[PDB]
Amino acid sequence: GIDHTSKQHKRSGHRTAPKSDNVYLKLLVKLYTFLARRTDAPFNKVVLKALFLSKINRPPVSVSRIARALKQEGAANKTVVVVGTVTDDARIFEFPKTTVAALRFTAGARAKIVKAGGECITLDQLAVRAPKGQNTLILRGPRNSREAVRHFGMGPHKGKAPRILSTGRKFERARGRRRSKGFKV
Amino acid sequence: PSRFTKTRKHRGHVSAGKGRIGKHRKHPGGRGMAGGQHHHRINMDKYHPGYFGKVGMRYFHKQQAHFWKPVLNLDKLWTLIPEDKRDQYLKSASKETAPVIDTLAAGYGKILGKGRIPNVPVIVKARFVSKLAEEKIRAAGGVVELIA
Amino acid sequence: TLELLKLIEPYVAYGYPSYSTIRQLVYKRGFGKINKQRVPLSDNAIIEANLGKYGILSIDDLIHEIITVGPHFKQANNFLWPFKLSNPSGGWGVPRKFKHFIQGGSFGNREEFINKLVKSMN
Amino acid sequence: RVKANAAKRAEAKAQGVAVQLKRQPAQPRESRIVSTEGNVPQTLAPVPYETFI
Amino acid sequence: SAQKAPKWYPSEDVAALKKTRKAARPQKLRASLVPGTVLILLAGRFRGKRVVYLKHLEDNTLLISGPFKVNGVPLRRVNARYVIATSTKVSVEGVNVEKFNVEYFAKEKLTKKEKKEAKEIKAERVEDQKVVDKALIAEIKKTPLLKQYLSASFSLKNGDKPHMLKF
Amino acid sequence: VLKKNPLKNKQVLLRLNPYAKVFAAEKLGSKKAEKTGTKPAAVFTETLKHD
RNA sequence: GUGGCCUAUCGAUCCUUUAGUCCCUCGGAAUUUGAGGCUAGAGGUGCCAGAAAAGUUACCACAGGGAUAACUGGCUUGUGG
RNA sequence: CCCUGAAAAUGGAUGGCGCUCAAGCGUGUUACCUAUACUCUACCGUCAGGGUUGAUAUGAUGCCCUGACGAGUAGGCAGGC
RNA sequence: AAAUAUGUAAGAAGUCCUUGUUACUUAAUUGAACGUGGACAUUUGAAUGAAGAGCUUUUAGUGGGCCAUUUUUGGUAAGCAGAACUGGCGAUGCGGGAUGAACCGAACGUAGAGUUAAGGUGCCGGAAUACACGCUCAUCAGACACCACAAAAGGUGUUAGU
RNA sequence: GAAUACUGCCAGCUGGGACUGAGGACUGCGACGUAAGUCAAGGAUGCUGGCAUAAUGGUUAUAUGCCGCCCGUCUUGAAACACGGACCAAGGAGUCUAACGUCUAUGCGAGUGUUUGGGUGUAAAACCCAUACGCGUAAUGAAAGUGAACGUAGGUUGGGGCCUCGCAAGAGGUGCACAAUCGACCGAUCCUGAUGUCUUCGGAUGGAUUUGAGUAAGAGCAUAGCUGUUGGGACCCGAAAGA
Ligand SMILES: C[C@@H]1C[C@@H]([C@H](O)CC2CC(=O)NC(=O)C2)C(=O)[C@@H](C)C1
Ligand SMILES: [K+]
Ligand SMILES: [K+]
Ligand SMILES: [Mg+2]
Ligand SMILES: [Mg+2]
Ligand SMILES: [Mg+2]
Ligand SMILES: [Mg+2]
Ligand SMILES: [Mg+2]
Ligand SMILES: [Mg+2]
Ligand SMILES: [Mg+2]
Ligand SMILES: [Mg+2]
Ligand SMILES: [Mg+2]
Ligand SMILES: [Mg+2]
Ligand SMILES: [Mg+2]
Ligand SMILES: [Mg+2]
Ligand SMILES: [Mg+2]
Ligand SMILES: [Mg+2]
Ligand SMILES: [Mg+2]
Ligand SMILES: [Mg+2]
Ligand SMILES: [Mg+2]
Ligand SMILES: [Mg+2]
Ligand SMILES: [Mg+2]
Ligand SMILES: [Mg+2]
Ligand SMILES: [Mg+2]
Ligand SMILES: [Mg+2]
Ligand SMILES: [Mg+2]
Ligand SMILES: [Mg+2]
């Protein structure tokens, strides 16, 4: 017998492969597995781990987010890397000439980036021209902006959104929500 | 598909995953929202505060078409001009030739002010407009023409 | 540590090891904890690879850092995996183990007799 | 103790390096020579039982 | 197809063996086994026969000629673990045994075609046996009762405990 | 592939600890000590024999 | 000094009622009653997180329970002997 | 220590036979017996950490190296028939 | 006024030196809190360990318990009823206690070899009818904890002792 | 003045027995040798014999030694003097639907959804499509209503990755996601009340131990799957009753 201080046969809890059957994604995973093994650059390891992520853990990254990231000093000539989708944004009216490498570009995002003088690039061409992740800039999208996150942690005084179908007066705005009707949360 | 469900996996195991003690029964706590004030009170008050009681005043025969008023912010305002003319209108900001935007034709009731339009004068026709939105349009050099 | 031993006394037998006991224990049952794995020593280069910053270049250096409680005792001792000993070859010598060694049992402090016990246990 | 530790390090920065700030637990005693001269050992055995009531 | 296919097949190329670090060193015989020692055969068709140890062959076999003129055992090899070396010794510095070796006792090449339904000794062995055994007899007759002792067959009596018997 | 114990297999005992050759060549495990004629004191002997 | 020297001395939803803002609504447009809202008290649930509630059944019924009594056994032995 | 105190109902229980300088009682020294426990080795599986592309090496959900681990109702999940 | 149990601290989110902010504070250019800059070196301020550390969502069964050591209430008591801490059983085989949910030993993939635990070694039954010092003779001996009970009281039985 | 007991050490020598031989070109650490080589040094070889078939081995029946209580179920506790079960075949119990939560996959993404319908067709398929409509891109308030940049869309503290100097140790710089915190903005509540004037309207600025399921360079929509939820006969079978 052994006095087990820890739970036995415990899986790491991390994805080691994409959950999908996309063969082109699996080819990208194979390429960045080779790069994350034969190169010591932590960029290839971070890109490889991001290639395993689910959809909610790969939020889209807008072109306005990319332009804001390019307003940083020393980052004008960098290569923006989005392991996921670059969506479009009409809120902006100027776009810098830059190189963006991403899994997917929406039609609007690709048009805006190309019209700005830049180029859209896949992660394999990213690997070819920047094998060690030279002057790259990895961007991620907002994960807690998801609508499901609003209801996480519901409870008294937590200030969270109830899981509700119909919204308005007569829908959970009474006893328990105001002092005049019983109490307030 | 049934072949992927846990019902197939429970074959040969007596209780079908329901327990030998609890012994899956018909409606052990009542049907629907039974006991919302009595034995489901903790769940109701924790997850749905505000459920019980009346708040506000009634509206007999409410027609939602009276309250039709889609809102549009100034940042999305320039999306109403088609892209074939958007670049041309964006450059060479003219006081004598400014784009006319019929937001009502685009299906909007009130123009709001989430901000930062370029300093290009535009005519913005709207039914309702917010104070800050009209200030921002006039700051850019445009005008708001109220319509009905 | 003495209060720790005074608190687990009914479950352990401890004492003061000699140089021969420590040397034979490390040579025969010494495994290192390297990258969370239990690695048989079997070579000076492994001990130098894991304890070389502490100036411990060989198994004899490890033995000295144990017999004389040196500055790097804590690192050398934790580098050693807990020794897995066999049951004593001639038995425990007592009818019942779970009395104190003073009371004719086996547990507690048996200070210099731990050498004979451990030698029979490995 | 924080002030005292700073004082010890401040002195050691000039003279007497390796001031060894950390506290240590009670260490085992070192060797010694217990002189008998004037301290001849003398003690008896256990004592018989007496009623004392 | 009744069974689909295996997508990948094992390679049929046989693997070579790793180099083996086991050298052949000469066998170290027991202390009691010295030439001219009277042994007792414990197994074989000549069980319980007192024999004379003559030579140590290179295949870890003892060349014994338990005198054929005395007890009818020829020049033959035995395994050292199947004999009991007794204290009695006979001189052998009058005999030559260098001719007898493994190639001398190379038996035959039997054919698989050959088969036996129901049912001689080579020429050279007889004169070799006589020539070897002559000086063995001459040495034996120097002290009395060896001829009778070799003629007699060893056996275990009732209550004879070999774990305390001195041979 | 296989743990070979020292304290036997003198090849492995010599792979580790190159001093073991000098230890054997000099019989340091059976070193004879220098004779010393330092007597105990009378007060020690009398205390030991005291009841 | 935001009641009682401290540790007890008390009460949701719906409904009614009062106070406050003199404010919002009655949806074709106004005025005045009337009604409905918003904020804060009261009217009471003592089974005190709060149904509106008399019995009988030896004429009885059903689901159950050895989760629970009445006979035997078991432990105990006050009481009995 | 032994004896008296010491009475229950089918025939019966140091487990049985039996046991008296014990095969009883108190104590002590040794030797010996044997668990799925401990040590070493092999094999299965699981988990973890790694290696493997100047064409891999064959399909890199493959091959391989290294270490540790394995009880299980109710129940969860996985891979399969 | 203990023992056991129990709170906190043992630094980098730290310490020190200047001088910055403010509508708070001071009689005040006094403090308070938060700072800029500077200094502190690898023992960054006890020990041991750390099996990865943090974090989140969502959902099953369960919501009859029972036993033991110790503490403890009611009861004459109970294999009674009720609490406290811990370990167990339930959910669990294996060795030992003949037998037994819980006691002792030890927790379990499939095998081999060795060694032991608890318990034993006359025979059943594997293993000393071992060794040593004594005690006991019962016309109801005694013979291993849980555990399958014994008392007040008495004996020129016998042994040791005051 | 010695010996011995006892205890301890040897990187002292050696005899007998038992189980195991995993891996499969080489690489390493070594040792003996002037080297060249050799070896017991990252896991067994060499030699020999018999048989080559029921001999070994498998299955099966039996015998022998030891062990083994009847399953399922409720239960703290079942071999129970608890219940169901004489035997066998066949049938026999978590399903489908509406709406939905978390997670995952896929498409497109500030959008998304063809299939109400029209067109067409090799005709319940496949293919093509307008306008709408749903959800989403704005919240808040009971409501009338009003409605999201002071600032590189803020400051502070961490923070992966990247950039520079570095052989490295490290040092700076930039710092997405995320976490904590102080702010700003929008709505509600309370307050303050400028120019102006149908003299009662309007509500500019400025506040707050207040409040919101908000803003602060969007993340959603649609389909599918396991799991969970509610209504449905609702896992299957079962009342005493009521009409
Ligand atoms: C006893 C009297 C009435 C009582 C209350 O309104 C009774 C019930 C009536 C009803 O049908 N439904 C409810 O939710 C409450 C109340 O408030 C007291 C102060 C005054
Ligand atoms: K009735
Ligand atoms: K195990
Ligand atoms: Mg069944
Ligand atoms: Mg379940
Ligand atoms: Mg059931
Ligand atoms: Mg109630
Ligand atoms: Mg033994
Ligand atoms: Mg009212
Ligand atoms: Mg019961
Ligand atoms: Mg009585
Ligand atoms: Mg199960
Ligand atoms: Mg229950
Ligand atoms: Mg249960
Ligand atoms: Mg018993
Ligand atoms: Mg115990
Ligand atoms: Mg026997
Ligand atoms: Mg049996
Ligand atoms: Mg049963
Ligand atoms: Mg019974
Ligand atoms: Mg029943
Ligand atoms: Mg029946
Ligand atoms: Mg039937
Ligand atoms: Mg069937
Ligand atoms: Mg079915
Ligand atoms: Mg039914
Ligand atoms: Mg009725």
# chains A, B, ... in the order shown; residues from 1 in each chain; ligands from 1
call {"tool": "residues_around", "arguments": {"residues": "range 13-29 of chain I", "least_positions_apart": "5", "cutoff": "9 Å", "atoms": "only C-alpha atoms (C1' of nucleotides)", "output": "PyMOL selection string"}}
result
(chain D and resi 2-3+6) or (chain I and resi 34-40+44) or (chain J and resi 157)
call {"tool": "residues_near_ligand", "arguments": {"ligand": "ligand 21", "cutoff": "8 Å", "atoms": "only C-alpha atoms (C1' of nucleotides) and all ligand atoms", "output": "VMD selection string"}}
result
chain J and resid 74 82 to 83
call {"tool": "write_last_selection", "arguments": {"atoms": "N, CA and C atoms (P, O5', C5', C4', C3', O3' and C1' of nucleotides)", "output": "PDB file, in the first residue's frame"}}
result
ATOM      1  P     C J  74     -31.771  -2.251  -4.438  1.00  0.00           P
ATOM      2  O5'   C J  74     -32.345  -2.021  -2.978  1.00  0.00           O
ATOM      3  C5'   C J  74     -33.559  -1.320  -2.799  1.00  0.00           C
ATOM      4  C4'   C J  74     -34.192  -1.556  -1.458  1.00  0.00           C
ATOM      5  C3'   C J  74     -33.405  -1.166  -0.223  1.00  0.00           C
ATOM      6  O3'   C J  74     -33.369   0.227   0.022  1.00  0.00           O
ATOM      7  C1'   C J  74     -34.432  -3.262   0.118  1.00  0.00           C
ATOM      8  P     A J  82     -35.994 -14.173   8.978  1.00  0.00           P
ATOM      9  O5'   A J  82     -37.379 -14.128   8.204  1.00  0.00           O
ATOM     10  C5'   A J  82     -37.456 -14.229   6.791  1.00  0.00           C
ATOM     11  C4'   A J  82     -37.898 -12.932   6.166  1.00  0.00           C
ATOM     12  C3'   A J  82     -38.272 -12.987   4.697  1.00  0.00           C
ATOM     13  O3'   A J  82     -39.615 -13.376   4.504  1.00  0.00           O
ATOM     14  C1'   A J  82     -36.777 -11.199   5.057  1.00  0.00           C
ATOM     15  P     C J  83     -39.981 -14.570   3.518  1.00  0.00           P
ATOM     16  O5'   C J  83     -40.371 -13.827   2.180  1.00  0.00           O
ATOM     17  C5'   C J  83     -41.336 -12.792   2.172  1.00  0.00           C
ATOM     18  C4'   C J  83     -41.073 -11.833   1.049  1.00  0.00           C
ATOM     19  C3'   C J  83     -40.994 -12.433  -0.341  1.00  0.00           C
ATOM     20  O3'   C J  83     -42.281 -12.540  -0.931  1.00  0.00           O
ATOM     21  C1'   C J  83     -39.139 -10.991   0.034  1.00  0.00           C
TER      22        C J  83
END
call {"tool": "residues_near_ligand", "arguments": {"ligand": "ligand 18", "cutoff": "9 Å", "atoms": "only C-alpha atoms (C1' of nucleotides) and all ligand atoms", "output": "VMD selection string"}}
result
chain J and resid 66 to 68
call {"tool": "interface_residues", "arguments": {"of": "chain J", "to": "chain B", "cutoff": "8 Å", "atoms": "only C-alpha atoms (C1' of nucleotides)", "output": "list in words"}}
result
residues 94, 138, 142, 143, 147, 148, 149, 226, 230 and 231 of chain J
call {"tool": "atom_distance", "arguments": {"atom1": "CA of residue 15 in chain F", "atom2": "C1' of residue 41 in chain J"}}
result
8.1 Å
call {"tool": "interface_residues", "arguments": {"of": "chain C", "to": "chain F", "cutoff": "12 Å", "atoms": "only C-alpha atoms", "output": "ChimeraX atom specification"}}
result
/C:20,23-31,39-47,57-63,122
call {"tool": "write_last_selection", "arguments": {"atoms": "C-alpha atoms", "output": "short mmCIF file (atom, residue, chain, number, x, y, z; two decimals), in the first residue's frame"}}
result
data_model
loop_
_atom_site.label_atom_id
_atom_site.label_comp_id
_atom_site.auth_asym_id
_atom_site.auth_seq_id
_atom_site.Cartn_x
_atom_site.Cartn_y
_atom_site.Cartn_z
CA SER C 20 29.11 1.91 6.44
CA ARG C 23 27.54 4.03 2.08
CA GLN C 24 25.91 0.65 1.50
CA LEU C 25 22.44 2.23 1.45
CA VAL C 26 23.38 4.82 -1.17
CA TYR C 27 25.38 2.37 -3.30
CA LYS C 28 22.71 -0.33 -3.32
CA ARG C 29 19.35 1.46 -3.08
CA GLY C 30 20.20 5.05 -4.05
CA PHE C 31 17.88 6.51 -6.68
CA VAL C 39 16.46 7.42 -11.67
CA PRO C 40 19.00 4.81 -10.51
CA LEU C 41 22.29 6.56 -9.87
CA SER C 42 24.69 4.02 -11.41
CA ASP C 43 27.02 6.79 -12.64
CA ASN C 44 28.82 9.85 -11.33
CA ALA C 45 27.70 11.94 -14.31
CA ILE C 46 24.05 11.84 -13.25
CA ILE C 47 24.84 13.15 -9.77
CA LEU C 57 30.41 15.50 -8.26
CA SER C 58 30.04 11.85 -7.28
CA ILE C 59 28.26 9.31 -5.11
CA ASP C 60 31.01 9.60 -2.49
CA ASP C 61 30.47 13.36 -2.44
CA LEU C 62 26.78 12.69 -1.87
CA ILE C 63 27.62 10.26 0.94
CA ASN C 122 18.63 -4.01 2.68
#
call {"tool": "residues_near_ligand", "arguments": {"ligand": "ligand 11", "cutoff": "10 Å", "atoms": "only C-alpha atoms (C1' of nucleotides) and all ligand atoms", "output": "number ranges by chain"}}
result
G: 77-81
call {"tool": "interface_residues", "arguments": {"of": "chain H", "to": "chain C", "cutoff": "9 Å", "atoms": "only C-alpha atoms (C1' of nucleotides)", "output": "ChimeraX atom specification"}}
result
/H:38-39,49,66-68
call {"tool": "residues_near_ligand", "arguments": {"ligand": "ligand 15", "cutoff": "10 Å", "atoms": "only C-alpha atoms (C1' of nucleotides) and all ligand atoms", "output": "list in words"}}
result
residues 14 and 15 of chain H; 97, 98, 99, 100, 144, 146, 147 and 148 of chain I
call {"tool": "atom_distance", "arguments": {"atom1": "CA of residue 173 in chain A", "atom2": "CA of residue 185 in chain A"}}
result
10.7 Å
call {"tool": "residues_near_ligand", "arguments": {"ligand": "ligand 6", "cutoff": "7 Å", "atoms": "only C-alpha atoms (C1' of nucleotides) and all ligand atoms", "output": "list in words"}}
result
residues 15, 19, 20 and 23 of chain B
call {"tool": "residues_around", "arguments": {"residues": "residue 1 in chain H", "least_positions_apart": "4", "cutoff": "8 Å", "atoms": "only C-alpha atoms (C1' of nucleotides)", "output": "PyMOL selection string"}}
result
(chain H and resi 25) or (chain I and resi 135-136)
call {"tool": "residues_near_ligand", "arguments": {"ligand": "ligand 17", "cutoff": "12 Å", "atoms": "only C-alpha atoms (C1' of nucleotides) and all ligand atoms", "output": "NGL selection string"}}
result
(:H and (32-33)) or (:I and (121-129))
call {"tool": "residues_near_ligand", "arguments": {"ligand": "ligand 7", "cutoff": "10 Å", "atoms": "only C-alpha atoms (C1' of nucleotides) and all ligand atoms", "output": "number ranges by chain"}}
result
B: 35, 37-39; G: 47, 49-51
call {"tool": "write_last_selection", "arguments": {"atoms": "N, CA, C and O atoms (P, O5', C5', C4', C3', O3' and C1' of nucleotides)", "output": "PDB file, in the first residue's frame"}}
result
ATOM      1  N   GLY B  35     -44.303  24.516  -5.377  1.00  0.00           N
ATOM      2  CA  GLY B  35     -43.517  24.832  -4.202  1.00  0.00           C
ATOM      3  C   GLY B  35     -42.516  25.948  -4.355  1.00  0.00           C
ATOM      4  O   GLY B  35     -41.512  25.957  -3.648  1.00  0.00           O
ATOM      5  N   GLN B  37     -42.751  28.989  -3.440  1.00  0.00           N
ATOM      6  CA  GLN B  37     -42.692  29.727  -2.191  1.00  0.00           C
ATOM      7  C   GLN B  37     -42.443  28.849  -0.978  1.00  0.00           C
ATOM      8  O   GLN B  37     -42.293  29.385   0.119  1.00  0.00           O
ATOM      9  N   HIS B  38     -42.452  27.525  -1.123  1.00  0.00           N
ATOM     10  CA  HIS B  38     -42.424  26.658   0.048  1.00  0.00           C
ATOM     11  C   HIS B  38     -41.190  25.775   0.129  1.00  0.00           C
ATOM     12  O   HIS B  38     -40.362  25.982   1.016  1.00  0.00           O
ATOM     13  N   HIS B  39     -40.981  24.857  -0.807  1.00  0.00           N
ATOM     14  CA  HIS B  39     -39.847  23.953  -0.716  1.00  0.00           C
ATOM     15  C   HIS B  39     -38.875  24.121  -1.866  1.00  0.00           C
ATOM     16  O   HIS B  39     -37.887  23.391  -1.936  1.00  0.00           O
TER      17      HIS B  39
ATOM     18  P     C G  47     -48.158  27.933  16.931  1.00  0.00           P
ATOM     19  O5'   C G  47     -47.565  27.266  15.627  1.00  0.00           O
ATOM     20  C5'   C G  47     -46.226  26.799  15.586  1.00  0.00           C
ATOM     21  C4'   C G  47     -45.899  26.194  14.249  1.00  0.00           C
ATOM     22  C3'   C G  47     -45.895  27.155  13.070  1.00  0.00           C
ATOM     23  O3'   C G  47     -44.881  26.756  12.153  1.00  0.00           O
ATOM     24  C1'   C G  47     -47.455  25.432  12.674  1.00  0.00           C
ATOM     25  P     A G  49     -40.554  30.849  10.393  1.00  0.00           P
ATOM     26  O5'   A G  49     -40.536  31.538   8.965  1.00  0.00           O
ATOM     27  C5'   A G  49     -41.730  31.802   8.241  1.00  0.00           C
ATOM     28  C4'   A G  49     -41.515  31.536   6.777  1.00  0.00           C
ATOM     29  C3'   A G  49     -41.201  30.081   6.426  1.00  0.00           C
ATOM     30  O3'   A G  49     -42.343  29.310   6.088  1.00  0.00           O
ATOM     31  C1'   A G  49     -39.511  31.494   5.558  1.00  0.00           C
ATOM     32  P     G G  50     -43.313  28.672   7.190  1.00  0.00           P
ATOM     33  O5'   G G  50     -44.107  29.923   7.757  1.00  0.00           O
ATOM     34  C5'   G G  50     -45.420  29.823   8.259  1.00  0.00           C
ATOM     35  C4'   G G  50     -46.300  30.912   7.701  1.00  0.00           C
ATOM     36  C3'   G G  50     -46.752  30.737   6.271  1.00  0.00           C
ATOM     37  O3'   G G  50     -47.826  29.839   6.148  1.00  0.00           O
ATOM     38  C1'   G G  50     -46.034  32.953   6.582  1.00  0.00           C
ATOM     39  P     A G  51     -48.110  29.115   4.758  1.00  0.00           P
ATOM     40  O5'   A G  51     -49.157  27.995   5.150  1.00  0.00           O
ATOM     41  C5'   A G  51     -50.485  28.332   5.521  1.00  0.00           C
ATOM     42  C4'   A G  51     -51.373  28.374   4.313  1.00  0.00           C
ATOM     43  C3'   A G  51     -52.811  28.807   4.551  1.00  0.00           C
ATOM     44  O3'   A G  51     -53.142  29.936   3.754  1.00  0.00           O
ATOM     45  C1'   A G  51     -52.721  26.711   3.355  1.00  0.00           C
TER      46        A G  51
END
call {"tool": "residues_near_ligand", "arguments": {"ligand": "ligand 13", "cutoff": "8 Å", "atoms": "only C-alpha atoms (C1' of nucleotides) and all ligand atoms", "output": "count of residues only"}}
result
4
call {"tool": "residues_near_ligand", "arguments": {"ligand": "ligand 16", "cutoff": "10 Å", "atoms": "only C-alpha atoms (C1' of nucleotides) and all ligand atoms", "output": "PDB file with C-alpha atoms (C1' of nucleotides), in the first residue's frame"}}
result
ATOM      1  CA  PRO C  10       4.771   4.749  17.147  1.00  0.00           C
ATOM      2  CA  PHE C  98       4.447  -2.061  17.806  1.00  0.00           C
TER       3      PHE C  98
ATOM      4  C1'   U I  69     -10.757   3.748  21.596  1.00  0.00           C
ATOM      5  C1'   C I 103     -10.939  -6.108  16.409  1.00  0.00           C
ATOM      6  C1'   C I 104      -5.313  -7.102  15.187  1.00  0.00           C
ATOM      7  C1'   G I 105      -2.008  -7.185  10.542  1.00  0.00           C
TER       8        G I 105
END
call {"tool": "closest_atom_pairs", "arguments": {"of": "chain H", "to": "ligand 12", "cutoff": "12 Å", "atoms": "only C-alpha atoms (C1' of nucleotides) and all ligand atoms", "output": "Markdown table"}}
result
| residue | atom | partner | partner_atom_place_in_ligand_line | distance |
| --- | --- | --- | --- | --- |
| H:72 | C1' | ligand 12 | 1 (Mg) | 9.1 |
| H:73 | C1' | ligand 12 | 1 (Mg) | 7.1 |
| H:74 | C1' | ligand 12 | 1 (Mg) | 7.5 |
| H:75 | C1' | ligand 12 | 1 (Mg) | 7.0 |
| H:76 | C1' | ligand 12 | 1 (Mg) | 9.6 |
| H:77 | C1' | ligand 12 | 1 (Mg) | 11.9 |
call {"tool": "residues_near_ligand", "arguments": {"ligand": "ligand 26", "cutoff": "12 Å", "atoms": "only C-alpha atoms (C1' of nucleotides) and all ligand atoms", "output": "number ranges by chain"}}
result
B: 25-26; J: 93, 233-238
